[PDB]
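Okay, structure first, notes after.
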Amino acid sequence: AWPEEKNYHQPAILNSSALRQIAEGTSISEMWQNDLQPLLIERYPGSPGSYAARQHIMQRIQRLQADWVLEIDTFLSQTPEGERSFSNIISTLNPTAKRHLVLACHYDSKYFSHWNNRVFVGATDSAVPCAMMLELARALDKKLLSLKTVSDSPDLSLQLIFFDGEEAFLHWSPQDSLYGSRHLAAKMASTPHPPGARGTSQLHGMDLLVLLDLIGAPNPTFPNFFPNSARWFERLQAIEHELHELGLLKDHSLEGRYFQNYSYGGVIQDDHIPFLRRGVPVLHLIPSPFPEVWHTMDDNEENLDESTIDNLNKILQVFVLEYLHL
Ligand SMILES: Cc1nc(-c2cccs2)c(CCC(=O)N2CCC(C(N)=O)CC2)s1
Ligand SMILES: [Zn+2]
Numbered sequence: 035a036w037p038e039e040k041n042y043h044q045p046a047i048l049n050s051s052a053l054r055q056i057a058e059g060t061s062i063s064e065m066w067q068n069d070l071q072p073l074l075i076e077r078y079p080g081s082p083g084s085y086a087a088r089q090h091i092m093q094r095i096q097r098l099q100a101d102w103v104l105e106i107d108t109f110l111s112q113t114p115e116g117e118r119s120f121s122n123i124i125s126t127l128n129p130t131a132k133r134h135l136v137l138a139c140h141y142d143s144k145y146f147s148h149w150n151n152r153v154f155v156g157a158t159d160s161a162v163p164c165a166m167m168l169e170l171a172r173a174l175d176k177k178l179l180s181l182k183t184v185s186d187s189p190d191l192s193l194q195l196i197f198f199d200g201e202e203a204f205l206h207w208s209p210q211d212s213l214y215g216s217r218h219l220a221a222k223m224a225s226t227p228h229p230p231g232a233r234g235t236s237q238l239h240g241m242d243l244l245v246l247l248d249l250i251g252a253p254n255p256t257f258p259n260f261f262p263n264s265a266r267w268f269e270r271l272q273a274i275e276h277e278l279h280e281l282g283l284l285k286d287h288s289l290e291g292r293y294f295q296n297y298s299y300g301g302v303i304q305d306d307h308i309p310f311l312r313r314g315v316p317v318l319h320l321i322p323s324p325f326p327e328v329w330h331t332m333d334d335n336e337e338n339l340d341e342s343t344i345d346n347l348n349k350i351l352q353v354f355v356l357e358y359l360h361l
C-alpha cells in the first residue's frame, strides 16, 4: 500500500517565524556567483562544457554536509549528429527510502551555430533552474542533514535530477528530444524499489516530480497544468502569497504574482513526459508564455531578473521543507 501514501501526504506548514528564517537563509548573490555563473557556458552533449557542467554540479553537491549519493546515468543513443553519449546526474538522499520528492531540470544547452561571435548559453533554459536546485541544497543543508537520522515516526526523502539531452539537436521530434529523461524513466520503470521488492518500481517511489524549466525572466506566469498535482500547485500559490504579505519578497506585487489560477490549453513537451505517461504525478514549473528571449542568443545573464529568481528560490525552499516535514 505504500505507493499510495503520496495520495494522502500532507505538508507540515511553516509559521511566520520559520518563513522569515528560510527567506534569510538563501543568498541570491552566492548562487549567482558560485552556482549560476559557472554554468553560463555552451554545454550541449559531449561538448567540453557538458563535462564542465557535470563536474560543477557534482562538486557543489559533494561539498555539502547532507548525505547526498551521486550517480551518473551514462548511455549512448543515436541522434541527428551521430551516436552521442549522455549523462544524467542523480543526487539522492536516503536512496533506499521508499519515497522521494524529486526536483529536476535539464543541464544541457541547445546547440546553435555561433553567429556574430555569440554563443547560446540558455540562461533560463536551464542554467538558472540548475543553480536554483544547487542553492536549495546549500540553503537547506543543515535541515536536510537531519534526514540522515533514522526515526520510525514517513519513509520519504529528497532527490535531485539534472537531465542531459533535453533539447533537440535538429528539429524537435519524439526521437530528437528528451534523450536523458526518456532513458532514465525507462530505467527507473524497470528497476525494483525498494531493492528486492515485488511489483513496485523506482517510479512508484516518485512521490512527485517538480520539473523546473525556463525560469529567470521577469514577470513569469506559471499555469496549473495537472489536476493530480493541483493541490501542490495551490501550496506554491499560498506560499507566494504568505511570503509577500510578510514582506519577504522583493519587487513583488499581488497582481504580478507568479503562480496562476488558470490551467493551460495545450500539452507542453518536456522532461516530465516519460514520467507522466507512466503515472508519476508532475508539478511542471515552466511559465506560459515562455521567456521573450527563448531560444535566442539573448537568453543570457543580462536578461535574467535577480529578484524574481530570489523570490522563487524562497518559495521553492519553503515548499520542499513543508513537503518533507523539515
Ligand atoms: C516550434 C515549437 N513551438 C512549440 C510551442 C509553442 C507554444 C506552445 S508549445 C513547441 C513545443 C514546445 C517544446 O517543444 N518545448 C521543448 C523544449 C522546452 C525547453 N526547455 O526549451 C520547452 C518546450 S516546438
Ligand atoms: Zn530550450
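Read left to right, the sequence shown gives residues 35 to 187, 189 to 361 (the entry's author numbering). A virtual CB, placed ideally from N, CA and C, is assigned to each residue, including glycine.
request  = Assuming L281 and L53 form a contact by the criterion Cβ under 8 Å, report the distance between their Cβ atoms to the nearest whole angstrom.
outcome  = Their Cβ separation, rounded to whole angstroms, is 6 Å, which keeps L281 and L53 in contact under 8 Å.
task = Look at the alpha carbon of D242 and the alpha carbon of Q194, and state the distance between them as a whole number of angstroms.
result = Rounded to the nearest angstrom, the two C-alpha atoms are 10 Å apart.
ask   = Could you give the uninterrupted runs of the alpha helix (DSSP H) lying entirely in the region 283 to 314, keeping only those of 4 residues or more?
value = Fully enclosed alpha helix (DSSP H) runs of 4 or longer: 308 to 311.
request  = Identify, in the order they occur along the chain, each residue of the same chain with its Cβ nearer than 6 Å to the Cβ of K182, setting aside the five sequence neighbours on each side.
outcome  = Counting only Cβ-Cβ distances below 6 Å, and skipping sequence neighbours, we find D101.
key: Limits of the beta strand (DSSP E) - the one that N348 falls within   = Counting along the chain, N348 falls outside any beta strand (DSSP E), though it belongs to the alpha helix (DSSP H) covering 341 to 359.
ask   = How many whole angstroms separate the CB atoms of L347 and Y293, which I take to be in contact at a CB cut-off of 8 Å?
value = With a Cβ gap of about 7 Å, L347 and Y293 count as contacting.
inquiry  = Using CA atoms only, rank isn't needed, just tell me which of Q67, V155, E277, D306 is closest to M166.
reply    = With distances taken between Cα atoms, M166 lies closest to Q67.
Same chain, Cβ closer than 6 Å to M223, neighbours up to 5 away in sequence not counted = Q237, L238, listed in sequence order.
task = Please say whether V355 and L244 have beta carbons closer to each other than 9 Å?
result = For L244 and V355, no; Cβs fall outside 9 Å.
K176 burial status per 10 Å Cβ neighbour count (16 or more: buried) = So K176 counts as exposed.
task = Find the nearest neighbour of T343 within the set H307, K285, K132, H360, judged by alpha-carbon distance.
result = From the listed residues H307, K285, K132, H360, the smallest Cα separation to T343 is found for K285.
request  = Please find out if some non-hydrogen atom of ligand 2 comes closer than 8 Å to the beta-carbon of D159.
outcome  = True, at least one ligand heavy atom lies under 8 Å from that Cβ.
inquiry  = Following a CB-centred definition, is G215 positioned closer than 8 Å to any heavy atom of ligand 2?
reply    = Between ligand 2 and the CB of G215, the shortest heavy atom gap is not smaller than 8 Å.
request  = Using only the heavy atoms of ligand 1, determine whether one of them is closer than 8 Å to the beta carbon of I303.
outcome  = It does: the Cβ of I303 is within 8 Å (strictly closer) of some heavy atom of ligand 1.
inquiry  = For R217 and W207, I'd like the C-alpha separation in whole angstroms.
reply    = Each residue's Cα considered, the two are about 14 Å apart.
query = Is the Cβ-Cβ distance between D142 and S84 less than 9 Å?
reply = Their beta carbons are under 9 Å apart, which means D142 touches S84 by this criterion.
request  = For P163, count neighbouring C-beta atoms within 10 Å of its own C-beta (all shown protein chains included) and say buried if the count is 16 or more, exposed if not.
outcome  = Under this definition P163 is a buried residue.
task = Give me whichever residues DSSP pairs with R118 in a beta bridge.
result = Answer is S111.
query = From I250 to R266, what distance separates their C-alpha atoms?
reply = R266 has its alpha-carbon roughly 22 Å from the corresponding atom of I250.
request  = Can you grab the Cα-Cα spacing for the pair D333 / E39, in whole Å?
outcome  = Straight-line measurement puts the Cα of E39 at about 44 Å from the Cα of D333.
ask   = For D69, does the three-state DSSP call read helix, strand or coil?
value = DSSP places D69 in helix when its eight states are reduced to three.
task = Could you spell out where the alpha helix (DSSP H) holding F197 opens and where it closes?
result = Taken as a continuous stretch (DSSP letters only), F197 belongs to no alpha helix (DSSP H), being part of the beta strand (DSSP E) at 191 to 198.
request  = Could you tell me the boundaries of the beta strand (DSSP E) in which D242 lies?
outcome  = Counting along the chain, the beta strand (DSSP E) containing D242 begins and ends at 241 to 247.
query = Based on Cα-Cα distance, which residue from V103, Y78, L73, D107 lies nearest to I91?
reply = Among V103, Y78, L73, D107, the Cα nearest to that of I91 belongs to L73.
ask   = Would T331 be called buried (16 or more neighbouring beta carbons within 10 Å of its own) or exposed?
value = Label assigned to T331: exposed.
ask   = From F120 to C139, what does the alpha carbon distance come to, in whole angstroms?
value = Cα-Cα distance, rounded: 15 Å.
task = Kindly indicate which three-state DSSP category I106 falls into: helix, strand or coil?
result = Here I106 sits in strand by DSSP.
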